[PDB]
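These notes are about the structure you will find just below.
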Ligand SMILES: Cc1onc(O)c1C[C@H](N)C(=O)O
Ligand SMILES: Cc1onc(O)c1C[C@H](N)C(=O)O
């Protein structure tokens, strides 16, 4: 049939450029967990597809002033893509406007610090003001803190909401770079999958501290009314039960540069 | 509105009889994680309901001979209930015949042994014949071994399917009893949630060994075409993000240090 448009995002090790990607066309320019997942799903449900990187580089939330959805979620809602295959977190606010498959990977919000930083936990962050901390803007992590009725997270939100200059970044890379270049005066709140990948690679100057703040999952997303909803959901469960999801995780998170 | 029939199963600490249960009527006879979850869901989607314990006491599988679904799955498929709220595992074969909400709890298949048993892993079980081992009948754990293409689990399946006496069990309670009564000559394959709960309570003679064999979840189930599907799904995610599922898990699994 038609070539299905798959929206995704540049985020290591989910979607990355190959070395010498310039020598490849279309999908063959990319590699990573979600590139592999797309291939596996497409094989199961029998579709041709084209990876399209989300133009605004965002995951998906409502613009504060217009309320229009941005990022990958927006691409699905407004007709520009037919499937999102990415580290896109399954949340209520998103499930109300798009459909998610059952989860293909588990994660939680976690704390990234530069090695040496005097911080062991969220409580440690919330106590003080010397070390600044923040999250991605326009995503599930920022929403977690704004929503929370837990004392420590409420305190963290009240700080982050009003901090100057902004503690919110547009990409995870931006947050991680800030951690590395701030000499221990910045901690970044990001999902455990990313945190753990990054701490096992050069320059080996960051680490995850404490446990995860919550527990949830990533899912493959389709626009409401899509004929791909059920096929995609069953495909994810098939891959789960055949051990393929586990195999791909071990492949892309394999450790020992550090 | 109507009183919705909720199918569930007696399984501690998801669904248990209250002390002096004969002194209570209807829903008030029960307590547990899934009883609380049922109340929270009904409240968020605005329904009245009646808890009805699954008559055959099974989770649910498609009978090989008759091709008829049993357990809670069957109750939904054949119109005997409208929602299943229980530690029912989300699987491909079940998803083909009923709908599941996003997961409310994570788990994996695990190994239960009697303390002292010389077993530390699935591989240990497989390369050995002295100690027997099996699973529940009529659920996801048995199907896992039946379907596995992994060497170690295939070997385990070939043994179990022909073992004598039969190693398959009716309820987790009976599996746990067989582990306790077999003085170390039986190991029981059950999900981590049950394994961990049982390990921390008297008589404190069992334990989980090794990591989980897989990673999956439980979901709330509804029959295909149900008008309750979406409200149920949104309620589970709302409860999750509100910290309520966390609160319930820590309440019902709280370790009072009996061991
Ligand atoms: C990936 C990642 O890592 N940390 C985050 O906040 C994210 C984005 C998050 N998964 C979202 O869907 O908004
Ligand atoms: C609960 C439980 O604990 N171990 C098991 O195998 C089960 C049953 C399993 N959750 C099912 O849905 O079949």
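Don't overthink the numbers, they just go from 1 along the chain as shown.
Going by what the header records, the deposited coordinates were determined by X-ray crystallography, 1.9 Å.
Cβ atoms are placed via backbone N, Cα and C, with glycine included.
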* Asked: For the L-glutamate site that Swiss-Prot assigns to B:87, B:89, B:94, B:140, B:141, which of B:40, B:191, B:196 is also named?
  -> B:191
* Asked: In Å, rounded, how far does the Cα of residue B:140 (L-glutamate binding site) sit from the Cα of residue B:259 (disulfide bond)?
  -> 30
* Asked: From the centroid of the CB atoms of B:87, B:89, B:94, B:140, B:141, B:191, the recorded L-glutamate site, which same-chain residues not already listed sit within 8 A by their CB, in sequence order?
  -> B:59, B:88, B:90, B:91, B:107, B:139, B:216, B:218
* Translate the DSSP assignment of residue B:89 (L-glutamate binding site) into the three-state scheme. => strand
* Reduced DSSP assignment, residue B:191 (L-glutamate binding site) -> strand
* Quick one: of the recorded positions B:89, B:94, B:204, B:259, flag those whose CB is under 6 Å from ligand 2, and say none if nothing qualifies. => B:89
